[PDB]
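Participant: Below: one structure in C-alpha cells.
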Ligand SMILES: Nc1nc2c(ncn2[C@@H]2O[C@H](COP(=O)(O)OP(=O)(O)OP(=O)(O)O)[C@@H](O)[C@H]2O)c(=O)[nH]1
Ligand SMILES: Nc1nc2c(ncn2[C@@H]2O[C@H](COP(=O)(O)OP(=O)(O)OP(=O)(O)O)[C@@H](O)[C@H]2O)c(=O)[nH]1
Ligand SMILES: [Mg+2]
Ligand SMILES: [Mg+2]
C-alpha cells in the first residue's frame, strides 16, 4: 500500500485542510479525539483509510497532514479548536512575520527561514510511511504565503523527491473577494514557478463558488466557512477514489495519465452535483441522469467559461452512492443523444467512468443536505484558457504603470521575472490555441 | 440490484463496474435502497424480506403503486433496523382510528410528503415510532384540528411547508412540543404571529426549545413579526429571504440591521454568522433611525423624566435596553434630514 | 504583536514627539506615573505596539531621544511625562551643529551615531516582531535633519527589511529667520528620496497661516504648531494604536499608499481644527467632517490637493459612527447624479472606523493623500536654492567641512527630476 501527505499553507489553505479533515473524520466515524470504533486492527497494518491516517500505540488516528502558516493567529484557532486532540502539536508550524501579500517575501525573506523547518517536518513525517505517492499541496494566488512559499517548497520537493507526484488545489481569485490589488502579481509568479513541479492543478473560481452558495445553498452573504465546506466536499468526492479503493484513479500517477494528456496543459475542469439546501431535505429527487446532465452546465462548473465553444481533451466521471450500472449507461446515452459536444480525435485519452458504493455525508447542522447519490466530473478543456485571458489582462493593466512592482524587486527577485512569467503565459496561451485548432 | 455509446470522437470505457454489481448482488449487505418508479403495489409473501435483507438502514419507496398503508407497515416490520423511511408521492389509505405500534421504534426519520395524510391520521400513524427524531409533512394540505396527546414528544423536526392552512392558531397547538428543536414554515401564507400570554420584556412559554424558525417566502410585511419573535426563549437562528419586508435589492441591508436589532440572541441570520462588529453596527443604526421618534414619544435623557407612550414601546420594545447600552441619543444626532440653499 | 521603535531628532522633532506621546497617553489611559488607569478593554488591545511590558504592569515608551546639545533634552526630561522615558534613552552632545548640514551629518552626527545606534539596537532587541522605524524631525536645521538622514541611512543599511517613516517638517520664512535653511532642506530631500518609504510632509507655512487666521491668534508660537502636529499624528496612527475592521498593518498600508517609490510624499489633514485650552466646541456630522478634512484649509501642507491629481487617499474616522454611514457618504460623493457630488475626492478611499475619539472631541477624522500637488512645495524651496547657489553664499561653511559642490548639484538634479516626474504623472489619463 501507499499513503499520501497533504501540506496546507496560507489561511485559505489551512482552512480547507481543516474542513477536509473534519469531513473525513465524520465520514470514517473517527471521533474528534481520534477513536475509530469500527477499526479492529490496532497498532498498524493496511486498510483503505490508512492512506491518510497514521495509527499509534493508543489507537490514535493522526491525520497525515502538515499545517504551516507564517502567522500564529490562524494556527491558534486550530490549536484551541475542537479538533486539538486530532492533529499533533509538531505538525502545526507557525511564523512570526507574514508576507503582507507579497511573493518576493514569501519566496525569499520569510520563506528562507521556514523552508528548512518545513522540509525537516515533511521528512520526519514521511519516515513512518513505507511508500509515498505524492504531495497534495493546498494554496491560493491572492496572498504572499500561498504563492511564494508554495513555489519555494515545490522547488525543493522536485529535488528531494523527484519520483513522486505533486498535485495541487489552487484557488483562482476573484475581483469581489480580492483583498489586495497586487493579488494578480502573486498569481502569475507562482503559476510560472510550479509549471515544471506539478502534474495536475485544481483551480477554484471564487466568484463561481460565491454564486453557487448564493443560488443553490440560498445564502444572502456567503462567508469563508460556506466556501470552505464546499471545497471540502469537492476534495472528498475527488479523493474517495484513493480513500475507498476505487477502481478509477487508484493512485496519484493516474491523474496525470487520465486528465493530463499534455505536460504543459494541466488545469482540468472539476464540477460536482447535486447542491441541495438544508431546508429542502426531502423536496425533490434527482436520478443518475438528472445529476449527470447538471454537470454539463456552465453555472454548475467551478470556473466561469463556455465549454460549448471549445473541445474536451479528457473526461472522468465519478459517482458516489446508490448508482446502478444501468442508470449510468442510461445517463450516458441521454448525454450522448441530447447535448452536442466536441472532442479531440488525436488525444491519447478518452472518457472514463467510476463508481464508489458509499453513502454521501454532510456536516450536521450546516447548510448542505444529505443526498442519496452524487456525481463529480473532471474534464480538461480549452475553455479554461478564457479564465487566463482575464488574469493576464489585469497584469497588463498593472504593467503599463509598474505600480507596486518596486516592492517586489526590493526584496530578492529582479525585474526579468515578470518578463519570463508573462512570456510563459504567452506560450501557454499559444499552446491552448493550437490544441483548440 | 441483483439484475456501446460513442460520445464526441472517443469510446466510453467502463472500469470497476463488475466490483459494484458484485457488491450490490449481495442482498445481506444492503445498507441503503432507493426504489423509485419501481411500481411497488404490495409487500409480497411474509418472512421473505425478514431473511433476504433484514439489515436495511434506509428505504425510499417514493412514487410507487402503494395503495393501502398496511402494505408499507408490513415491509417496515420485517426490517428491524429501519432508520430512515420515505414514502412520498403515494396515495396511501391510512386507517380511520387504529394505532399500529411496536413496529417503528428504531425509526429516527419519517417523510410523508404528497401522501395526502391529514392530522388525525398522521397522529395515529406516528404512534408506532415514539422515538421519532424527525418528521416531514409538507405538500399535503393538512389542517390541524387539536394538539397531540402523548404522540410526537421526541420529534425535533416539524416541516409544515406548502400548506396554505397553517395559521398562528394552528401553530399554538404544536408550540407545546417539549423537544421540538426546529419548525419549517416556508410557503404557508402566514402573515403575523402573536403571543398574548406574555407582555413586553417577558419570555413566552410557547416553543420552549425552538432554535430555528424558517418562514422564507411568506407574508411578512409588518415589523410586528420580528418584534414578537423576541419573546421566543431559545430563538438562536432565523431565516427570511423573500418577503414584502425583505428584498433581494441592494438596499435591503437597511432592513437586515433592524432584524438583528429586534432579536437579542440572534447569533445567525440567513445562514450567516453574526459578530460583535455586526451586532454593534445594527444596534447603532436602530438608535440612529428611531431616535427622532423617541423624542416625540415623550423621551428624555433624565432618568426620572422619561415617560414614553405605549405605541412607541409596542413598536420598539428593544429601544429601552439600547438606551442604556450606549446612552440616549443627543440633540445634535437628530438633525440630519435637511438640504442646503 | 508588531512593535514599532519611535525616534525623534532635533529640537523640533523632540518637541513634536513629546507632544504626541503626551497626547496619546491620555487616550490610551496611562497616567504619567507609568501605570494604566484606563477603563476600556480596547485600549490595552494594541498597547504593545508602542509600549513595552515591564514588571508591575508599568508601561515604558519605545522612544529614543537624540541631540547634539543638552538644553531640549533637559526640558523633555522634566516635562509632564518625563518620567516614563528611560534615563538611558537620552543621547546628546554639547556643541550642536550650528544650522549646518555638513557639521550635523558628517562630523558630530557621525560621531554620536555610534552611541545612538547602541540604544537603537538595545531597543530593537527587546521586541517580539519589529515592524518598522519612525522618526520625527525638521528640514530647516543642521543637527535635526542631518542626524535624521544619517540615522535613516544607517537603519536602512543595517535593516533593509524594515519600513521607514519620517514626519519631516518643512521650514518657512514666516517662522524662522535663517538664510541657510534652503540648503539643508534640499540635502535632506535628496537623502530621503533615496532612503525612505513614507514621508508625511508637514509644512511650517500652512500651520502658521492656520494658527493666524483660523484660530485667530495674535502672535502664535511653537505651542500652537506642535499641538496641531501632535493632533494630526494621533489621527494618522489611529488604526495602528486601536483595533479596527480595516487592515491596520504598516507594511501593507505603505505598499498601498506607495504605488511610486519616488512620489512617497503624503500630505496629512484633520478636522475639526482646535487650539490649546478650548477644544470642546460641537460634534460635526460625517458629511461636515468629510467636507472639512478634504478642504485645503485643514491641510498641514501649503499645497492644495485640488491643484493636482489624487494617487492614493486614506481616511480614518474616530468617534461613534458605523462604517455603513461612511461607506454611503463616500459612495454618494462620487455619484455624479447625486445631490452631494463634489470635485476633490477620488473614487477610492481606504476608510476606517474607530470607537475611541480624542480628548475634548466626540468625533474626528484624518486624511492622508499622495496627491501630486505636493510638488509645488518642492518648487518653493528650489527657487531659493537658485538665489544662493549661483552666488556661492555661505558656501565656505559647507566646503570647509568636507562637502563638495558636486553634492549640491546632484541634490538639485534629483529635486528637479522628482518635480518633473510629478508634473508628468499629473497629466495621466484617469482610466
Ligand atoms: N476559497 C477561499 N479563498 C480564501 C480563503 N481565505 C482566503 N482566501 C483567498 O485567498 C487570497 C488571500 O490569500 P491568503 O491565503 O489569505 O494569504 P496568504 O496566502 O496566507 O499570504 P500572506 O497574507 O502574504 O501571509 C484572496 O484571494 C482570498 O479571497 C478561504 O478560506 N477560502
Ligand atoms: N513647527 C515647529 N518648527 C520648529 C520647532 N522648533 C524648531 N522648528 C524649526 O526647526 C528648524 C530648525 O531648528 P531645529 O530643528 O530646532 O534645529 P536642530 O534641528 O536641533 O539643529 P541645530 O540647531 O543645528 O542643532 C527651523 O526652521 C525652525 O523654525 C517647533 O517646536 N515647531
Ligand atoms: Mg496569512
Ligand atoms: Mg538646536
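So how was this one determined? The header says electron microscopy, 2.2 Å.
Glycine too: its Cβ is placed from the backbone N, Cα and C atoms.
Copied straight from Swiss-Prot:
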MOTIF     A:1-4  motif 'MREC motif'
MOD_RES   A:40  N6-acetyllysine
MOD_RES   A:40  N6,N6,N6-trimethyllysine
MOD_RES   A:48  phosphoserine
MOD_RES   A:232  phosphoserine
ACT_SITE  A:254  active site
MOD_RES   A:282  3'-nitrotyrosine
CROSSLNK  A:326  ubiquitin cross-link
MOD_RES   A:339  omega-N-methylarginine
CROSSLNK  A:370  ubiquitin cross-link
Participant: Can you figure out which of A:40, A:48, A:254, A:370 (the recorded positions) comes closest in space to residue A:326 (ubiquitin cross-link), comparing Cα atoms?
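Facilitator: Result for residue A:326 (ubiquitin cross-link): the nearest of the recorded positions is A:370.
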Participant: What count of other C-beta atoms do you get within 10 angstroms of the C-beta of residue A:326 (ubiquitin cross-link), across all chains shown?
Facilitator: 11
Participant: By a simple count, how many Cβ atoms lie within 10 Å of the Cβ of residue A:48 (phosphoserine), its own Cβ left out?
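Facilitator: I get 13 for this one.
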Participant: Have a look at the recorded positions A:40, A:232, A:254 and say which one has the shortest Cα distance to residue A:282 (3'-nitrotyrosine).
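Facilitator: For residue A:282 (3'-nitrotyrosine), the spatially nearest of the recorded positions is A:232.
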Participant: Just to verify a number: CA distance, residue A:48 (phosphoserine) to residue A:254 (active site), in angstrom, no decimals.
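Facilitator: For residue A:48 (phosphoserine) versus residue A:254 (active site), the Cα atoms are 18 Å apart.
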Participant: Looking at the recorded positions A:40, A:232, A:282, A:370, which one has the fewest other Cβ atoms within 10 Å of its own Cβ?
Facilitator: A:40
Participant: Quick one: pull the CA-CA distance for the residue listed as 'omega-N-methylarginine' versus residue A:254 (active site), whole Å only.
Facilitator: 28
Participant: Taking the recorded positions one at a time (A:254, A:339), which has its Cβ surrounded by the most other Cβ atoms within 10 Å?
Facilitator: A:254
Participant: If you measure from the Cα of residue A:232 (phosphoserine), which of the recorded positions A:40, A:254, A:370 is the nearest?
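Facilitator: Checked the recorded positions A:40, A:254, A:370; minimum Cα distance to residue A:232 (phosphoserine) goes to A:370.
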Participant: If proximity means a C-beta under 8 angstroms from chain B, which of A:40, A:282, A:370 count? These are the recorded positions.
Facilitator: A:282
Participant: Roughly how many angstrom lie between the C-alpha atoms of residue A:254 (active site) and residue A:370 (ubiquitin cross-link)?
Facilitator: 30
Participant: From the Cα of residue A:370 (ubiquitin cross-link) across to the Cα of the residue listed as 'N6-acetyllysine', what is the distance in angstrom?
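Facilitator: Here the two Cα atoms lie 28 Å apart.
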Participant: Taking DSSP as the reference, which of helix, strand or coil describes residue A:326 (ubiquitin cross-link)?
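Facilitator: In three-state terms, residue A:326 (ubiquitin cross-link) counts as helix.
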